[PDB]
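Counting starts at 1 for both ligands and their atoms, in listed order. Lettering of chains follows the sequences in order, A, B, ..., and the numbering in each one begins at 1. For the numbers below, each heavy atom of this structure counts, side chains included, while hydrogens, waters and symmetry mates do not.
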Amino acid sequence: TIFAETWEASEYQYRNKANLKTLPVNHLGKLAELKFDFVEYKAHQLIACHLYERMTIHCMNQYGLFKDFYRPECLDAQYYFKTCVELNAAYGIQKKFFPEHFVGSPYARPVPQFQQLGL
Amino acid sequence: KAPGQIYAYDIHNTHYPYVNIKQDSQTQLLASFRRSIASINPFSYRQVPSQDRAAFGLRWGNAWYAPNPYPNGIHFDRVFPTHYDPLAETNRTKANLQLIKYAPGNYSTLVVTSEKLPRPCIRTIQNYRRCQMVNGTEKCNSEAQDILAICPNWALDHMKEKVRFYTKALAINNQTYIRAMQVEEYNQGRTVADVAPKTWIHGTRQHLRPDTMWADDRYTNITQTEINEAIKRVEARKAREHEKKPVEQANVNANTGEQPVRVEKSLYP
Amino acid sequence: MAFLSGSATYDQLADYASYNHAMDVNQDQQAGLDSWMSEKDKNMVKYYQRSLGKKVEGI
Amino acid sequence: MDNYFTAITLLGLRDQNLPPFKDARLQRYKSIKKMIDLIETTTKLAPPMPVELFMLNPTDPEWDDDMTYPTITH
Amino acid sequence: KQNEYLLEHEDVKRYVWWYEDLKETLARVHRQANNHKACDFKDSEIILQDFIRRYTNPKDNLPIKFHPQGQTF
Amino acid sequence: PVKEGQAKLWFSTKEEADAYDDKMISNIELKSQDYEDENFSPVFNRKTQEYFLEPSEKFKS
Amino acid sequence: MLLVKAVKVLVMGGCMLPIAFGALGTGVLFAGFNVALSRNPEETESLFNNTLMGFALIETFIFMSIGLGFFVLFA
Amino acid sequence: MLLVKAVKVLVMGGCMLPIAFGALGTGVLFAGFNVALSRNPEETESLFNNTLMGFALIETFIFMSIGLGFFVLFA
Ligand SMILES: CCCCCCCCCCCCCCCCCC(=O)OC[C@H](COP(=O)([O-])OCC(O)COP(=O)([O-])OC[C@@H](COC(=O)CCCCCCCCCCCCCCCCC)OC(=O)CCCCCCCCCCCCCCCCC)OC(=O)CCCCCCCCCCCCCCCCC
């Protein structure tokens, strides 16, 4: 689990595998595409995947779930939120049981003890 | 022998909900007209699938709809470095051959999977366990050699590595157990008897006030006079707490030609 | 007149309006989100000035 | 960022709002670090139940037929 | 009809009782303060520790023991 | 003066509570919309009630 | 930030200036067209076409202005 | 940055000033073309070409401003 608002991108990139995905920060630009009026505090937009969650709520309050929620600004928020928590759940597990896969980990390329050098 | 209908058919009660995501007047008016005549219209297409008939997805005008792919900074340049930022645009611009290639899996997630070992290798494992629980381990040598011989070597390597992984996960789970079951200084000597008869709701906003001034009407009747007096009292307490301050430590990252420590960043620049 | 007749009054106010975070906090206060501030939060602008290269003491 | 809904719930974002200043807002993130180690440990104490309950064993010789799906080429 | 009997095994009951104990346990968990410290869940740690101490033995080399039909994720 | 409500604090003693109220009250910055006030702010008038995101009835229905 | 939005809407108002000069320019254009017609009424149709054509060029600035306005108002 | 950006976008609004004067210069130009056409229609095509030609010199300043506008808006 991430216990902060900011994380180093390199810490979630692989060292011995091709990097085909990143763990990007929240897309604050999607928040300006909501046409209706809403109240959002800047203190909640950086934490991972929560912005897309609040946006989905704002859109599900203004509109419902039938024939009015089906607009591009609201479906992309629901899709982002659902996708953000799935990717973060997998990255979090991979960080817990496979920390050696990521850059910055001292086990990705272990540095040997001085007793192994024969000096 | 009626065809089977999915749960979504009972939400809409029709196979022809003309759902178009494009929010232009020309599109939504035509859909409402088309949504009404779908019963007697030959140019009608389904969007709710069934056992007897497949269906189409969400419509985008005359084309089809798909959400914007989740932002992914991975890209591949062809002519010049574009410095693609997936957060700089709302909708992802198309990939031009001479400009950029995006990462694979526009709509993809990260999962963990496993290969299925060969069937004959599985049967040798079933026979070993069966002979194990029946006759015991010491009388399963023939069944053990059949595994090492029939199972291809790539499978024996997987079996060898599965044990090392679960051994790793076993330790990672027990270390969390140790940190979790550790008794902190603020809970020394406390047991279930010292616990309060409270539930989750008792820590919410209705019962437990948040640490903000405008969460409720607590400080709504405060005047500037009461403030000036409070500023004097807090400064009085600071006459006894400001006496102490941590000493400045040495900068471990003083040398720029040295791998710096990923030390916690300051709150402010 | 005291604000115009000063030298640093223009800076203390400009460096504060230029710090995007401090203005984000103010935007939250205007909406109803406010609380108490620590000694480290009070100097959020001094940290911003130092980063630019200004010589500020009393952090 | 695993245990998303658990962490968001512990921070109180389901009923209140975080402090607008980074000092306390960050301390509140580090405050649940103990609880996550606990709730994760509890979720790993579930007892076993027969696998042959809602799922037939795919390794059974009955399924060695490797049968195909017969279709109609309309 | 051949495998209906497996639902009569006591392990199905043991599984449901563990799920309810976790429900009642997490329902009792509560925030005790808003000082932004780990002590805000001071009493909840004791509640969860009692749950863990109820299905494990902390005074062992490996309180969490591995078995192929167990939990890893 | 401080007003009481259903939402209570988390302090055992009364001195720690009073110390918390004095800390919050010392940080209040009043912004009035009426002229002739020592704390007057035509623009940038702070609201005195915090907004909370909740699922509406259209949401739950 | 907030002020940047305020100046944006302020600029959007500035677009009403060509709307003002376009009105005066149009009146002047038709003012000359009237006197021009009286001088040589034999070619009323030619003068008339040139009158509207010039006016079309005026509305170009207009659409150009509001376009810039709505752009700066949203970009 | 944000403070200077606010005046940047405001300056971009200033570019709508030539858009106004260009309209007035147009209304005046075609007026002279019309009245001048009546006095000597024998050279209509000549006057007509010079009319649009002159107009090209008007949108010159227009595009120049917008160019200079977006430039300082980002430079
Ligand atoms: C190219 C040539 C042509 C171009 C010409 C024009 C150029 C125009 C562009 C502007 C140029 C730069 C000047 C911008 C000034 C900022 C104004 C502003 O944002 O309002 C906030 C400003 C302050 O808000 P507040 O309510 O007092 O905040 C109280 C809170 O408690 C505060 O507490 P808080 O905790 O909430 O903090 C909030 C935070 C918020 O932070 C921010 O948002 C940043 C704000 C941006 C500015 C910050 C940097 C300022 C640095 C100081 C240097 C200023 C130099 C000015 C140079 C002028 C150039 C000649 O900090 C602030 O409060 C910032 C304070 C802003 C003070 C601004 C400086 C005062 C100027 C003093 C001279 C006054 C002359 C008035 C003459 C009027 C003539 C009509 O509001 C006012 O000043 C009200 C107006 C003045 C009162 C009298 C009523 C006048 C009504 C006039 C109506 C006509 C309007 C104009 C018509 C024009 C067409 C005819």
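Among residues two or more places apart in sequence or in another chain, the disulfide (SG to SG under 2.5 Å) test is passed with A/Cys49 by A/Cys84. Here A/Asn26 pairs with A/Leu28, A/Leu51, A/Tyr52 under the side chain to side chain contact (heavy atoms under 4.5 Å, CB included) rule; sequence neighbours left out.
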N/O contact list for ligand 1, threshold under 3.5 Å:
| unit_1 | atom_1 | unit_2 | atom_2 | d |
| --- | --- | --- | --- | --- |
| ligand 1 | 26 (O) | F/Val43 | N | 3.2 |
| ligand 1 | 26 (O) | F/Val43 | O | 2.7 |
| ligand 1 | 31 (O) | F/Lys31 | NZ | 2.4 |
| ligand 1 | 31 (O) | F/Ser41 | OG | 2.8 |
| ligand 1 | 33 (O) | F/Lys31 | NZ | 3.3 |
| ligand 1 | 35 (O) | F/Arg46 | NH2 | 3.1 |
| ligand 1 | 36 (O) | C/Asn26 | ND2 | 3.2 |

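Here the shortest heavy-atom pairing between F/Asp22 and B/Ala230 reads O-CB, 3.9 Å.
Residue pairs meeting the salt bridge (charged side-chain N to carboxylate O under 4.0 Å, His left out) criterion with at least one partner in residues 65-75 of chain H, sequence neighbours excluded, do not occur; the list is empty.
Ion pairing of B/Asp216 with B/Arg205 is absent here, as no side-chain N (NZ or NE/NH1/NH2) approaches a carboxylate O to less than 4.0 Å. Look at C/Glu39 and B/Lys238 and you find a salt bridge, because one of the NZ, NE, NH1 or NH2 atoms lies within 4.0 Å of a carboxylate O, short of that distance.
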